[PDB]
Amino acid sequence: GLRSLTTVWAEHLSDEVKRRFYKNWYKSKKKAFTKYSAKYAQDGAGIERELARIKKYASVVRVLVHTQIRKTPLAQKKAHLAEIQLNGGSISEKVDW
Amino acid sequence: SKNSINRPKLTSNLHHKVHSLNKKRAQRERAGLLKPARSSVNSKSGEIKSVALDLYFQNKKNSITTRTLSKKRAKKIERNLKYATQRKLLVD
Amino acid sequence: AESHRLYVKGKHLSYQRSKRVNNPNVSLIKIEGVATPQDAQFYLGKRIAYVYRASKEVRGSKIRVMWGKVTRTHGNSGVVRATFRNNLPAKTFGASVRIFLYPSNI
Amino acid sequence: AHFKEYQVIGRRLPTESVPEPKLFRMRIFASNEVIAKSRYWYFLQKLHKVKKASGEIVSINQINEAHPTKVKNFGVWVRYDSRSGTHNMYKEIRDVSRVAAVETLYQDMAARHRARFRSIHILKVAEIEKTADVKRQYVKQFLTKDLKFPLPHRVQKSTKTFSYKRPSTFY
Amino acid sequence: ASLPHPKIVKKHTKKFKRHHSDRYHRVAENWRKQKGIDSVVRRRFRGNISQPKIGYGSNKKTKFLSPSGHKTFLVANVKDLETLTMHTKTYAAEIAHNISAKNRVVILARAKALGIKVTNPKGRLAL
Amino acid sequence: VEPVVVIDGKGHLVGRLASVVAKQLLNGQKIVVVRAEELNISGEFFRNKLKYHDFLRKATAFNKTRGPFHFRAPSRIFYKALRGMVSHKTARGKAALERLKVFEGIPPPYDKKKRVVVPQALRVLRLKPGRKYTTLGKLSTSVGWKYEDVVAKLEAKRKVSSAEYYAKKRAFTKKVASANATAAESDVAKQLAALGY
Amino acid sequence: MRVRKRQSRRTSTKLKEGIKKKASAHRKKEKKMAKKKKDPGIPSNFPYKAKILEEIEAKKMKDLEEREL
RNA sequence: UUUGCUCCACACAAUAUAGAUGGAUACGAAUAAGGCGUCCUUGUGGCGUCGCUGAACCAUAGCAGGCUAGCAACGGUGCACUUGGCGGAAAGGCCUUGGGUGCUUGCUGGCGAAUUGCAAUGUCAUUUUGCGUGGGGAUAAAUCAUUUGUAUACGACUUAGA
RNA sequence: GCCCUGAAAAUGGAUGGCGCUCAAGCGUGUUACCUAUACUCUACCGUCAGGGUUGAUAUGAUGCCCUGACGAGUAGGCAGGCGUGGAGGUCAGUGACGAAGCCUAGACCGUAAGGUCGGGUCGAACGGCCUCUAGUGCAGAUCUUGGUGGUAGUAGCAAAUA
RNA sequence: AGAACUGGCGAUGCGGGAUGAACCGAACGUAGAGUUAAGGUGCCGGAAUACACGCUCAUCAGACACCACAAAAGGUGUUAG
RNA sequence: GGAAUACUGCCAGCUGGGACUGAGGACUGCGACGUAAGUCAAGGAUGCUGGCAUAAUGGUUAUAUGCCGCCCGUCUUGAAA
RNA sequence: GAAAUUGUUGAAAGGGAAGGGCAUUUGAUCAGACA
């Protein structure tokens, strides 16, 4: 079957997603992606490596989006994260987009 | 198994069990809970085993209390030992 | 050298058995490279060791050995019947045994 | 088993009213002497009312092929009793010896007409002296001039469970 | 040392437990012949417990010898012990369970003097 | 004789290969079967599809989640054929089955390992010519297995890589053959010839 | 498609022993009912027909030559 | 957290065998056909040769493999480095650059071996955890309780709170 | 002769299963091989039978020695034994330096009934042998009396307004 | 269905027929060794994926008893007469 | 015309390998080889050697594995339920 | 001061029984003997 090969995240993630990664956000130090933002500091060599790996090997590319739930009237502050598949264009075009 | 036919399951469990079993056994042996070797000076092979006598001599040499010496039996052992010492006294 | 072997590798196959009755006192050993009962006549009388390890360091060693001998052939495919002083445990069905070259007729 | 051909010679027990009775001979194919001699007695029962207890066996002698290394076309004549009556048959057997031809025919009767050795009656076996006198195409197909045939798709018997080459069905 | 004997072979080393002595506490382990007409034990089916029969009788040359090679004799006093003075290689005196400690030391003294083997010399002795 | 025997599944008969492998496992030997999708069965395709559907009828009526489980992949069809040849409900049978690994295609690390064949289960040497036969990958695809195209794609890739490997190895054995033939007439070569070498 | 049920080939003990009873009954009834050749056969594809024919026709003299003195 | 945790260099306790003891030694396809070598006009080509099993091939000599002296080649091979490339099916492997230090049984020498007493697997892997041995790197969460009602019999679910 | 059709429903399943197709199917031939409490040989037990034995510087003559054959078993028959309460005799038997009893993966004898010993506990009586006697041996009787479980922290403690 | 006899079971284990009152084998003390019976030798399962001669392809083969039934026939299946 | 070989059978022909057993306990027997004393494989095992000298063998015991394994009793012997 | 039954401790086993037979592994435990 299909297999998740790798996952590359944005440099800056909002609080709304970071809340999704905690059960106890208020107690936390909110350390969610602190060792991962540094992968963008070193000219993005690791980020570029995994994106080239997706280009080389992936036959399905899915993007990860999330809702700006603060814009809704909802009381929930923990945003909703999902995988949305990208259709159209070649694999390299999907990754570049 | 039927979901993971390519993993050993019984064999992995048996390896894990033999490892944990003799790790526990070695833990017991290092704490000395096992009885010593037959040739050891601390062994009692060929000699009578008595909880009461062992506790009496452990209290005289001076804990475990599931093995307990009653004051009744302690007095009986003291009396028997007085008899035995008198016997050795008539011997020497 | 890198090979120090003076024994022929074997496998513990099963006890002597019927369809519904086994007999632990006799054990069936498959010798490597022996494919006919007339080839197996060479190994009759040879000593078999089941060498297995343990955890107690008993008598200066942590490796234990069961001793036995090849008694006769079995079938037509080169299986031999072997008997040990203590019969091999049934957990060893599929375990490697060692058939030494002694006593010799060569 | 593996057959032998016997002659079995017998006669009725002599009497005051008859010294030296007639001697009767049959050529019999059997595995050994005992089966052949019983075979003789069964046939002699059927042919005419001679009881085994009333007669004797004057001789029994194995018959060998005169030329047991010359391939002959054999014409074998058979009656039998399988499975729902009685029949005549005539089988060509290209073969070397009469006993091998007879054993081949017994195997053929067991294979096709499902008949046991006790159900088969060998009536006459004859070396066809002339190849023009052969009547069955399955034997007449090996008599042709300059005969050659391959043995396509050779299967190699392997003494090893595993092989490290895909096997070949060559020559 | 003992009077010479062959190997002491026991034709059935395991005790003959009673049939369902394991299933029920009320059924003791003392052997009992199963008297039921349909007892698979009595009919001697495959895979059931073995029953006593005379085929298991021990060798007559060895039937009452302990592993040391002596027939055990129960002694209660010095007088009983001395009946084994001329039979020291064929009998070993066992001291009865109820002999007191002082009488036991008297028995051991006499036994060592006569060379009679005593089976349980360790006994009630807590010197 | 090997520590692990990697059997190429292609061209083999399911029952005969299963019996061979089962007796190997029960004897203490570790067996890996690769390319389970090119494995063969005797009889026309429709006949074996019908036999599989006959198997596929069986299910616990009151709760189908506990009935027979009809595993569709050719590795699992072979495994089912093999598990019936072992007393798998015992500890010995379970232990022997765990000396077996069966795969579709040839995944790593066995793609770099020697593959063997079992001649007494090879369809070529066993099944009489002209008799119909069934390739297990077709049967599995027909009755549900949904990764035939994937395995075909990866097998084509593996064959490309292995062809490159074999070209290199054949070049090197050409060089070595030239070298051994250039030394094929020396004194030591003739001495080895006297000893059958 | 939808393959139907296949009858079991696993015979029962009851059926099998019933067949034995039926077969014995059939043997006995056949004996009871039974209590209430046109071929010498020299085959027409045997090659030596004429030779053996002539030989046995020569042997028809003995059945009438000798019997009377 | 008497610095808990992790990753690097040694010394041993505990070691572990569903069963190590020279090497799992890699085309694909066909089987009424193919493998290999060579040539050209590069083909469903020509020529030669091979199978008929792996009974093969590679390794393989040394105190379980010691200590030394040379000859001949500049080969093979081990180890720790390092160069570049390839491998995503479960890649965790394969190939390659360079130096460094060993070994070399390709060849010839010198010394040792004993007494394990006529055999007893006679132990020669790593398998890891760890009391410790001295250098690095790292500085969170989860649950209960409170709360929510998109959930709920109770658990569970979904929220919020420095 | 083999093959096909030669009807038969109803949970999902059966040449015992896998599976097998120049069979692992069908008929037959040849061998090799596997295996019962059977057969052969030996040892041990018991029974039965046939011989021998007063010989004493040796014991027990229902004892001993030699030899052979046998060994299923309900009702039932015969025989030999094991165990328990009380009685006569005896061991000038055991016992506060611990009787009896009870507990005990500690030991030994017996084919077995059972018997013996070690340790713990106990605290005042009890055994061996020859006999005598009987309210003499339990797994059951929807057995009797007593005690105790699972069920189970379960059903339930919700009528009569609070 | 009746008669007459003889065997089997009752009271009886053991090997085999996957399984088992009625089948095949089998003189029941405790063992050891050998050899076997009936049945078997692909794997489950001890034992030849033995040798050999043929036949058979079944879109639910057969492995099975048979002077047993459905069974008398039907077939541009194949083989020998 | 001369053999040879196969097949079958015989030898009180020779010679290997493997396994199980070692009962009995002065002598007496029948034998054999011997020139004889004697010796012997002839009315049942002895010789030489090593290791350990104790939990090593062994037992008890908890288990694990292989194969076996109605659940007892009563009454029904017939599904023998 | 038994057993049923129960608590704690120590050991061990457990993938829709438990128990029992033969054999042996492993762990725990344990008796005996001096040319």
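Neighbour counts run over all protein chains shown; Cβ positions are idealised from the backbone, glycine included. Just so you know, all these numbers are worked out from the coordinates, no wet-lab data involved.
Dividing the convex hull volume of the alpha carbon atoms of chain F by its residue count, what do you get in Å³ per residue?
169
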Response to the item:
Non-local residues with an amide H under 5 Å from the amide H of D:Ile120, with H modelled 1.01 Å from N and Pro and chain starts lacking one, are none
Practice prompt. Have a look at F:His12, F:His53, F:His70 and tell me which one the Gaussian network model of chain F (Cα, springs below 10 Å) gives the largest fluctuation.
Written response: F:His53
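What net charge do the residues around A:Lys77 carry, taking every other residue with its C-beta under 12 Å from that of A:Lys77, with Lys and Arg at +1 and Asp and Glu at -1?
Net local charge, A:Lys77 excluded: +4.
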Response to the item:
Placing each pseudo-label 7 Å from Cα in the direction of the beta carbon, D:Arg136 and A:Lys71 end up separated by a distance in nanometres of 9.5
Worksheet, complete the sentence: Averaged over residues of G:37-50, the number of beta carbons from other chains lying within 10 Å of each residue's Cβ is 5
Response to the item:
Partner shielding of D:66-76, as the mean number of partner chain Cβ atoms within 10 Å, equals 1
Worksheet item: If you take the square roots of the eigenvalues of the alpha-carbon gyration tensor of the protein assembly as shown and sort them as a ≥ b ≥ c, do you get rounded (a/c under 1.5), prolate (a/b over b/c) or oblate?
Response: oblate
Worksheet item: Could you state the number of Å between the C-alpha centres of region B:6-51 and region D:5-71?
Response: 84
Worksheet item: In the Gaussian network model of chain E, springs joining C-alpha atoms below 10 Å, which of E:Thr72, E:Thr90, E:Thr13 carries the largest mean-square fluctuation?
Response: E:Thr13
Worksheet item: For the cross-link pairs B:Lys61/B:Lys82; F:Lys49/F:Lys146; D:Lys46/G:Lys35; F:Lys30/F:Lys101, which exceed 20 Å when the distance is taken from alpha carbon to alpha carbon?
Response: D:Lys46/G:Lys35
Worksheet, complete the sentence: Where a ≥ b ≥ c are root eigenvalues of the Cα gyration tensor, a/c under 1.5 meaning rounded, otherwise prolate if a/b exceeds b/c and oblate otherwise, region F:1-103 counts as oblate
Item to complete: Using the structure shown, select from D:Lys130/G:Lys62; G:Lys37/G:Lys60; B:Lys44/B:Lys88; A:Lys30/A:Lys71; B:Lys23/E:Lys17 the pairs with a Cα to Cα distance greater than 28 angstrom.
Response: D:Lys130/G:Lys62; B:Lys23/E:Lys17
Worksheet item: Roughly what angle does helix E:101-114 make with the longest principal axis of chain E, taking Cα atoms, 0 to 90 degrees, to the nearest 10?
Response: 80
Item to complete: Place a label point 7 angstrom from the Cα of E:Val41 along the Cα-to-Cβ direction, then list the residues of region E:1-27 whose backbone nitrogen is under 18 Å away.
Response: E:13-27
Worksheet entry | DSSP bridge pairs, the protein assembly as shown: antiparallel proportion in percent, nearest 5 | 80
Practice prompt. Could I have the simple spin-label model distance between E:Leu74 and B:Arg87, label points 7 Å from Cα toward Cβ, reported in nm to one decimal?
Written response: 2.3
Worksheet item: Hey, how many Å between the Cα centroid of region E:59-119 and the Cα centroid of region D:94-171?
Response: 88
Worksheet item: FRET efficiency for E:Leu3 and C:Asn87, Cβ-Cβ distance as r, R0 = 25 Å, nearest 0.05?
Response: 0.15
Discussion item. Let me test this: with uniform point scatterers at the alpha carbons of region E:6-127, what is the Debye-based log₁₀ I(q)/I(0) at q = 0.13, 0.14, 0.15 1/Å?
Written reply: -0.73, -0.78, -0.82
Worksheet entry | Ordering of E:46-52, C:6-12 by packing [mean C-beta count within 10 Å, highest first] | C:6-12, E:46-52
Worksheet item: Where the centroid of each part is defined by its Cα atoms, how far is region F:166-181 from region G:5-36 in Å?
Response: 74
Worksheet item: trypsin sites (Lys or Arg not before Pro) within region F:102-135: which are DSSP loop residues with at most 16 other Cβ atoms inside 10 Å?
Response: F:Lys113, F:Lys114, F:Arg131, F:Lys132
Discussion item. Need one number: nm distance between label points at F:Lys175 and E:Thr90, each 7 Å from Cα along Cα→Cβ, rounded to one decimal.
Written reply: 9.3
Item to complete: Please list D:5-11, C:15-21 highest first by mean number of surrounding beta-carbon atoms within 10 Å per residue.
Response: D:5-11, C:15-21
Item to complete: Return the long-range amide H neighbours of C:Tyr52 (sequence gap of 5 or more, or a different chain), with a cut-off of under 5 Å between placed amide H atoms.
Response: C:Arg64, C:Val65, C:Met66
Response to the item:
Note, region D:42-49: 3J(HN,Hα) by Karplus (6.51, -1.76, 1.60, θ = phi - 60°), whole Hz, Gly/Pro = x, goes 4, 5, 6, 4, 5, 4, 7, 6
Practice prompt. With a Förster radius of 56 Å, plug the Cβ-Cβ distance of E:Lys63 and B:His15 into 1/(1 + (r/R0)^6) and report the FRET value to the nearest 0.05.
Written response: 0.70
Worksheet item: How would you classify region F:148-197 from its alpha-carbon gyration tensor, with a ≥ b ≥ c the square roots of the eigenvalues: rounded for a/c under 1.5, else prolate if a/b is greater than b/c, otherwise oblate?
Response: prolate
Response to the item:
Applied in sequence order to region C:66-82, the curve 6.51 cos²θ - 1.76 cosθ + 1.60 (Karplus, θ = phi - 60°) yields integer Hz couplings, x standing for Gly and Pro, of 9, 10, x, 9, 7, 9, 6, 7, 7, x, 10, 10, x, 6, 10, 8, 10
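Once you wrap a convex hull around the alpha carbon atoms of chain D, what is its projected area averaged over all directions, in nm²? Working shown, then result.
Values: hull surface 62.3 nm².
With the hull built on Cα positions only, its mean projection is 15.6 nm².
Per-residue Cβ counts within 10 Å, from other chains only, averaged over B:6-13: what number is that?
Whole-number average of other-chain Cβ neighbours for B:6-13 is 5.
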Discussion item. Through the Karplus equation 6.51 cos²θ - 1.76 cosθ + 1.60, θ set to phi - 60°, convert the phi angles of region G:25-34 into ³J(HN,Hα) values in whole Hz; use x for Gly and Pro.
Written reply: 4, 5, 4, 5, 5, 5, 4, 4, 5, 5
Discussion item. Using only Cα atoms and rounding to the nearest 10 degrees, what angle (0 to 90) does helix D:98-108 make with the longest principal axis of chain D?
Written reply: 70
Practice prompt. First measure r as the distance between the Cβ atoms of C:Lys19 and E:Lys11, then evaluate 1/(1 + (r/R0)^6) with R0 = 25 Å and state the FRET efficiency to the nearest 0.05.
Written response: 0.30
